[PDB]
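Chains U and H are the protein sequences, given in the same order. Heads up: the first sequence begins at -17 in this note's numbering, then just goes up one per residue. Heads up: the second sequence begins at 647 in this note's numbering, then just goes up one per residue. For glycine and all other residues, C-beta sits at the position ideal for the given N, C-alpha and C. For reference, the structure is listed below as structure tokens.
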Amino acid sequence: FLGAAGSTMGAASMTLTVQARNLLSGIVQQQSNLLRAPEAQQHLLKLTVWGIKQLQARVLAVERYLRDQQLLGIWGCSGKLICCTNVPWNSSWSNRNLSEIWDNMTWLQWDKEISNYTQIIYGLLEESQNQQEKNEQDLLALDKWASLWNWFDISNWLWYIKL
Amino acid sequence: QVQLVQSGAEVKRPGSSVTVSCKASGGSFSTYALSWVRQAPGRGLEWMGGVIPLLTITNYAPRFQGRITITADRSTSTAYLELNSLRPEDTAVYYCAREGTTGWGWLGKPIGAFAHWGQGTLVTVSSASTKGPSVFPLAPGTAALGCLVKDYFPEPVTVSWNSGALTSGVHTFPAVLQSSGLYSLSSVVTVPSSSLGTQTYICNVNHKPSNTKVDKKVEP
Ligand SMILES: *[C@@H]1O[C@H](CO)[C@@H](O)[C@H](O)[C@H]1NC(C)=O
Ligand SMILES: *[C@@H]1O[C@H](CO)[C@@H](O)[C@H](O)[C@H]1NC(C)=O
Ligand SMILES: *[C@@H]1O[C@H](CO)[C@@H](O)[C@H](O)[C@H]1NC(C)=O
Ligand SMILES: *[C@@H]1O[C@H](CO)[C@@H](O)[C@H](O)[C@H]1NC(C)=O
């Protein structure tokens, strides 16, 4: 758990060659102590201090551990720890080196890199996930001459892979 | 659509080898399993084996393996089949056939079925050399009559009576790979007896590699 958070993303390529270095199971399974005994107590005591504080901590952890599942649902990535997107690296202005990023930079320094535009990326991702991709899938059950043979866009469709 | 313009039929000495082509047109020469099938001229149909041009995957025959050779040459965009040991029991029609795809096109998901096809040519070995036959009045209310195009080389001839003016009631009969090294053929029609000397029934034959197209009397 967190065992190589200080490593660079190349040595934290080690982290995501294992279960993101056990981060998600440490998110949901560190509940197990307050899961093991909110109920082993058989005592009256006539009032409860933890009856609001533990409950607020518990449902705080649950809503935080559901917002991220819903956000992975909204970008077609539900289930998959590592998935790719159709959004390109846009005009976003931290354009830099591949062998600088995934060799010599930690995850925290990387968060300090792109602390801006993060909500821009989050708004940007679902656009290519939905507004054309879901509408293309809605097209993909019926089409005219073009679906088998449009002979125009296909070269550009090959060209997207090409450029 | 997908067009498979196969190369023409062939005559060749027996005991030698044979090559045939199948030039596709439309769709894609690669990324879809072109294949090859047989049918003896009168039998049902028979699959032999195929090729996949992007990865040269050859899925050959259960019996003809070792004697069959299929290639795929995308740089001139054709597909050849090379069989060996030509013989009277290699005589079959050889259709070249491509797998189809879902939707009206040639790019989507394939189906697994031989949807688009080619014209096919009968791959029949030759024993003898060419021969122009002779055509006869075969003598019989209703007088029967024939023009026996018998013991020729090679197949086929056609028969039309009075330059095709008589068109109804025709009954041709197919050419035979007979037991003489040559080929024979029969063809009859139905005329009355009383119109023997009035309407002269003149069959017309078309033997194109032997070059004999004669008008022939039938006045029995
Ligand atoms: C810390 O960084 C050094 C690089 O000098 C590396 O050798 C070491 O493995 C790193 N430690 C961990 C726990 O990743
Ligand atoms: C990427 O960064 C490394 C230093 O981390 C450098 O050695 C390499 O030359 C860079 N590559 C490019 C293409 O700039
Ligand atoms: C590479 O990493 C080491 C330690 O992790 C650091 O001292 C060095 O400055 C880094 N170099 C670059 C170009 O990032
Ligand atoms: C990122 O956003 C912060 C807002 O807190 C801003 O101060 C900073 O200039 C931005 N740009 C960076 C760190 O390049």
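For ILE83/U, tell me which candidate among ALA(-13)/U, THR(-1)/U, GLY(-8)/U has the shortest Cα-Cα distance. Closest option to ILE83/U, Cα to Cα, is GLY(-8)/U.
Per DSSP, what kind of secondary structure is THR100/U in: helix, strand or coil? In the three-state reduction of the DSSP assignment, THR100/U falls in the helix class, which pools H, G and I.
Can you determine whether any heavy atom of ligand 1 sits closer than 7 Å to the C-beta of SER(-11)/U, and answer yes or no? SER(-11)/U Cβ: within cutoff of ligand 1.
If you run the structure through DSSP and keep just helix, strand and coil, what is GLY843/H? Looking at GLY843/H - three-state DSSP - the assignment turns out to be coil, as it is neither helix nor strand.
Proximal residues of chain H, C-beta to C-beta of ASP125/U below 8 Å: Using a Cβ-Cβ cut-off of 8 Å, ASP125/U is close to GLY749 of chain H, given in chain order.
Quick check: does the Cβ of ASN86/U come within less than 7 Å of any heavy atom belonging to ligand 3? Checking every heavy atom of ligand 3 against the Cβ of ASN86/U, one is found closer than 7 Å.
So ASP861/H is in the beta strand (DSSP E); what residue range does that whole segment cover? First-last of the beta strand (DSSP E) with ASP861/H: 861 to 864.
Under 8 Å between C-beta atoms of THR836/H and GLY815/H: Yes, they are a contact pair.
With a threshold of 7 Å (Cβ to nearest heavy atom), would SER129/U be considered close to ligand 4? No, ligand 4 has no heavy atom inside 7 Å of this Cβ.
Terminal residues of the beta strand (DSSP E) in which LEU727/H lies: Where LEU727/H is concerned, the enclosing beta strand (DSSP E) stretches over 726 to 729.
Decide if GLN23/U is buried, meaning its Cβ has at least 16 other Cβ atoms within 10 Å, or exposed. With fewer than 16 other CB atoms across the displayed protein chains lying within 10 angstroms of its CB, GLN23/U is exposed.
Comparing the C-beta of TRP32/U with each C-beta of chain H, is any distance below 8 Å? The Cβ of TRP32/U sits no closer than 8 Å to any Cβ of chain H.
Measuring only from the beta carbon, is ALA2/U closer than 7 Å to any heavy atom that is part of ligand 1? No - ligand 1 has no heavy atom lying nearer than 7 Å to the Cβ of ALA2/U.
Using 8 Å as the limit for Cβ to Cβ distance, is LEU130/U near chain H? Cβ-Cβ to chain H under 8 Å: yes for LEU130/U.
Would you call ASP861/H buried or exposed, if buried means 16 or more other Cβ atoms sit within 10 Å of its Cβ? Counting the other CB atoms within 10 Å of its CB gives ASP861/H a total below 16, which places it among the exposed residues.
How about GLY746/H: is its C-beta nearer than 8 Å to some C-beta of chain U? No, no contact with chain U.
Across which residues does DSSP place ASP93/U in a beta bridge pair? Partner(s): none; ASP93/U has no beta bridge.
So what does DSSP say about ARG684/H, is it helix, strand or coil? Looking at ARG684/H - three-state DSSP - the assignment turns out to be strand.
Name the chain U residues that come within less than 8 Å of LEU753/H, Cβ to Cβ? By Cβ distance, chain U contributes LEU130, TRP131, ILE136.
Can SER667/H and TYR740/H be called in contact, C-beta distance under 8 Å? Pairing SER667/H with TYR740/H gives a Cβ-Cβ distance that is not under 8 Å.
Inter-residue spacing [alpha-carbon to alpha-carbon] between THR804/H and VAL822/H: One C-alpha to the other measures close to 13 Å.
Examine the Cβ distances between the region 70 to 89 of chain U and the region 123 to 142 of chain U and report whether three or more of them are shorter than 8 Å. Contact check between the region 70 to 89 of chain U and the region 123 to 142 of chain U: fewer than three CB pairs, one atom from each, fall below 8 Å, which does not count as touching.
With a threshold of 7 Å on Cβ separation, who are the neighbours of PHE710/H within its own chain once the five nearest residues in sequence on each side are excluded? Listed in chain order, the non-local C-beta contacts of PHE710/H below 7 Å within the same chain comprise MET694, local neighbours out to five positions each way being set aside.
Taking just the CA atoms, how far does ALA39/U sit from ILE757/H? In a straight line, the C-alpha of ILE757/H is about 56 Å away from that of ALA39/U.
For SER129/U, which three-state DSSP category applies? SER129/U carries a helical assignment under DSSP once its states are collapsed to helix, strand and coil.
For the alpha helix (DSSP H) containing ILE757/H, name the first residue and the last one. Taken as a continuous stretch (DSSP letters only), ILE757/H belongs to no alpha helix (DSSP H), as it is neither H nor E.
With distances taken between CB atoms, is the gap from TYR798/H to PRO779/H smaller than 8 Å? Cβ distance < 8 Å, so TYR798/H and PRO779/H count as in contact.
Could you tell me which residues DSSP pairs with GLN24/U in its beta bridges? Paired residue(s): none; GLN24/U is not in a bridge.
Identify whether residue 867/H lies in helix, strand or coil by the three-state DSSP scheme. For residue 867/H there is no data in the structure shown, the boundaries of chain H being 647 and 866.
Cβ atoms of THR724/H and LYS669/H: under 8 Å apart, would you say? Cβ distance < 8 Å, so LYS669/H and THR724/H count as in contact.
Do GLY764/H and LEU650/H come within 8 Å of each other at the CB atom, strictly closer than that value? Yes. Within cutoff.
Considering just the uninterrupted stretch of the beta strand (DSSP E) at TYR829/H, what are its terminal residues? First-last of the beta strand (DSSP E) with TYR829/H: 829 to 837.
For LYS755/H, which residues of its own chain have a beta-carbon under 7 Å away from its beta-carbon, when the five flanking residues on both sides are left out? Here the set comprises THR747, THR748.
Tell me, which residues are paired with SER671/H by DSSP? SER671/H pairs with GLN649/H.
By DSSP, does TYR706/H sit in helix, in strand, or in coil? The answer is coil: DSSP assigns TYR706/H none of H, G, I, E or B.
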